[PDB]
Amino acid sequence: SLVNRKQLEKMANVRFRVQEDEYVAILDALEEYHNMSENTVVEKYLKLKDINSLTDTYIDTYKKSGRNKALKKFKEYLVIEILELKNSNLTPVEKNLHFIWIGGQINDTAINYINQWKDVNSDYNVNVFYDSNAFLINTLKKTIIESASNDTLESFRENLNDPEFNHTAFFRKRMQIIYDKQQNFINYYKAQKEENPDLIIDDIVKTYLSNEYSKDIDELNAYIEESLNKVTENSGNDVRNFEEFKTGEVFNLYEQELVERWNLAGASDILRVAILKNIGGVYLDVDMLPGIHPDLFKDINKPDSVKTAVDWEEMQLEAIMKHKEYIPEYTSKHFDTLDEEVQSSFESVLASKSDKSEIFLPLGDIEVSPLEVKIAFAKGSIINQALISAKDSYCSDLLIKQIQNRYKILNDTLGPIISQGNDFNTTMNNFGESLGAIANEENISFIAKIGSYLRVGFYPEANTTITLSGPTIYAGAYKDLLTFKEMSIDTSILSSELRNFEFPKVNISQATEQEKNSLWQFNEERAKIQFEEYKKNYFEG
């Protein structure tokens, strides 16, 4: 518990020094903090912020004060109090499970994972957020990527069998053409919206696809119908009915990611934040599965031939799916390598439990601080595939401010460069120069990581999304919280402190088949495989 007035007085006592007015400001505000029985968690938090500011003011006023040593210690005590506040005063989490599938038709695989949460959480309300205006984003991205692939292979036809013509070289050249086509669509979209603001995204996309790629509008219309119908019959909740989001200050950034970038993961990073702020509950990625019941496999010890908690968990999920078949076509690739004696322990225990709620642990009643968002860990790092927040949580509002600030810096740097209408390489070189000019000691961690924004989803390990709206904004928000600031762009924080915000591990299985299949980025390995396949297909192997 935080020192009271008299305890601070003993700490910051300097013999013969009269109590300055700026000191009394601190002592009186600390006393007021301790008389806040009746106040909300955020009110208490804002009182701590006040004490912090008064403390900073004192230190700045009397730079050589004998009190300063104690006051700087006091400032650290304020941070301890935040965590106490956070960890001591919990409200129940609204019993909502929130999922997002935007940009195209929800796949049967996503449905089947979702259904597992539904089956063991009958007391939870389920929303799968979609966007009834943008079912064709995936079609548009796929079409444009394939067209640029073909153009690239055509253009470099005689270099294809050249020892030195890399997968790297292919993707580098293809990127230039993708940018051209993406910019072509983007400018068409903006012109169309000016001419007729009543048009929806899918109106413009299907026209574009028909005009430029001779796609059949009847088949596109039929796909929209199927997609709408599939999601509606599966707890569909239309983003276009989400008023607080639509009229809020990050709707434009969401549409940027959806319509300009074709980054559905990035758009979903933004949506998920608005969902937890405005509604609250539990956000999950569609590749997440419920926690395995802790006493299902307690009595089977991990073979030494398996040397990570993740591979073990992976094994356990495949056992459930092999023997219970809850999800059709779930891999058993890893489970099969197991010794027959171990596999037999698995099938024997699964034969005994005959009720899904004894296989998967129901969430039940979860509680969170009104200050915070809870986030999952992986690889000792935070990852926003799973989130817990009460409606209007404080960290929730910090998250939106992180998003606004990050996109403001990006768009104000990148936007005027793009509008000069230069090619990808020129645009990119100029972007690089601009990033160099606006770089300072504060923003550098951010500036060093946004250079590849235009490559996202088209180039191996184009990662920018992490910094824009992913795990980085959460580290930023928690730093905000713990430093009494907002829009922190330097997100240095102890891993100790981050552990205070950890999503309860018992409540998720992260090591699913689908988690291994990233839908927004690809690595070098995958890049090499795609390239060989592009070549073969182009030559008609």
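Note that residue numbering follows the sequence shown and begins at 1.
Stretches 307-315 and 120-128 differ in mean CA B factor, with 307-315 having the higher one. A summary of the deposited B-factors shows that, of 138-146 and 192-200, the stretch with the larger mean C-alpha value is 192-200. When the C-alpha B-factors of 406, 302, 181, 172 are ranked from the entry, the top spot goes to 302. The residue among 458, 453, 101, 346 whose C-alpha carries the highest B-factor in the deposited model is 346. Per the deposited record, the Cα B-factor of residue 257 falls in the lowest third when ranked against the other modelled residues of its chain.
Annotation for residue 527: C-alpha temperature factor in the middle third relative to the rest of the modelled chain, per the entry. In the deposited entry, the Cα temperature factor of residue 290 places it in the lowest third of its chain's modelled residues. The entry lists a Cα temperature factor for residue 73 that places it in the middle third of the chain's modelled residues. In the PDB entry, a CA B factor belonging to the lowest third of its chain's modelled residues is recorded for residue 50.
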